[PDB]
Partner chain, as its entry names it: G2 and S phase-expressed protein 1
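Listed next as structure tokens is one chain, alone, in the form deposited without its partner chain.
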């Protein structure tokens, strides 16, 4: 209780989507996308008519709404560009210039897709993953074939390292009354896949003390038969001159009343070298990227948070919950080291954080 009033985080509510004319039935994974902190896109069928709604997070009181039919709609992370699909037909549309950009017809249905950069869409079929540039004439390019361990899964995420050399596909399945995560880590250079049991993950770049060059880290969290675990590992050849990053493995805690909770989302602060982990029940956890030390845990949402993105300005995490609350969490930069000193009583981490300068 000493200094218990000083949190290491700042929680913020940004929006309530039901106050912006969004039907609650459409606030969910199949109909609402948030590919970055810049936009939220919702598909709604008002009467017999399919509509696409775009909320510009910089102008949220003026949603853009159009009678456009699509099975899925994802805004570009940065520009006023949208990808739409209808069956096997994909199109990318330049909203700003009110013009079509690119189109492609697949032979296999796309069951999941996501923007992975300012200019590339990843496409997941039942049997493969493709990357499609929004520029130029190029067709999607196959990156890898799907591993059998993901067969029949609901795909929930796809993401890459910054250099697009380490690719990660995540799915879940219902095995009796358990939700089991299955990941496929693919190395572009080695042309090798590794199946991993995991629920949520991210990549990060991290410059170790004593090294001149960044390490590419892969962090994943799982709740399996052994309970909750978080792993932080370097992937790929360490830059010449670097020492290797020692792999970290730490517990992920669930209270006794939360036996059916599990990880659903992860984002990593570039600036603060902190991992944000969100659970199905609406808990957030913070871990130190370097050591895996658990900094903080709390239940921040009464409803499941079903989509997240980096929150750029604060190097935090932003998300939408099933009632339509748009919320974020970030490090509170002036309070985190007091909290580490006096509540965690971890002066090694207090020092290491100040030395990084944060």
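Positions refer to the first chain, counted from 1. For the two forms, the rigid core is made up of the largest set of C-alpha atoms that agree within 1.5 Å on superposition. Residues that one form lacks are left out of the comparison.
Although not depicted, the form solved in complex with its partner chain is the subject of the following passage.
The single contact residue among 159, 163, 190, 178, judged by any heavy atom lying within 4.5 Å of its partner chain in the deposited bound form, is 190. For the options 251, 214, 145, 270, the one in contact with its partner chain in the deposited bound form, meaning a heavy atom within 4.5 Å, is 145. The candidate spot formed by 276, 285 and 299 lies out of contact with its partner chain in the deposited bound form, as no residue has a heavy atom within 4.5 Å of it. Comment: 232-240 is the region of 129-137, 116-124, 232-240, 206-214 lying near its partner chain in the deposited bound form, near meaning a non-hydrogen atom within 4.5 Å. Taking the partner from the other structure, its partner chain in the deposited bound form has no heavy atom within 4.5 Å of any heavy atom of residue 111. Although the partner is absent here, residue 184 lies within 4.5 Å of its partner chain in the deposited bound form, judged by heavy atoms. Interface membership of residue 194, defined by any non-hydrogen atom within 4.5 Å of its partner chain in the deposited bound form, is confirmed. Not displayed here, its partner chain is approached by residue 218 to within 4.5 Å at the level of heavy atoms in the deposited bound form. Of the residues in 62-96, none comes within 4.5 Å of its partner chain in the deposited bound form through any heavy atom.
With the core fitted between the shown form and the other one, just one of 136, 256, 152, 210 shows a Cα displacement of at least 2 Å, namely 136. When the two forms are fitted on their rigid core, the residues between the shown form and the other one that move as a run of three or more, each C-alpha shifted by 2 Å or more, fall solely in 135-137.
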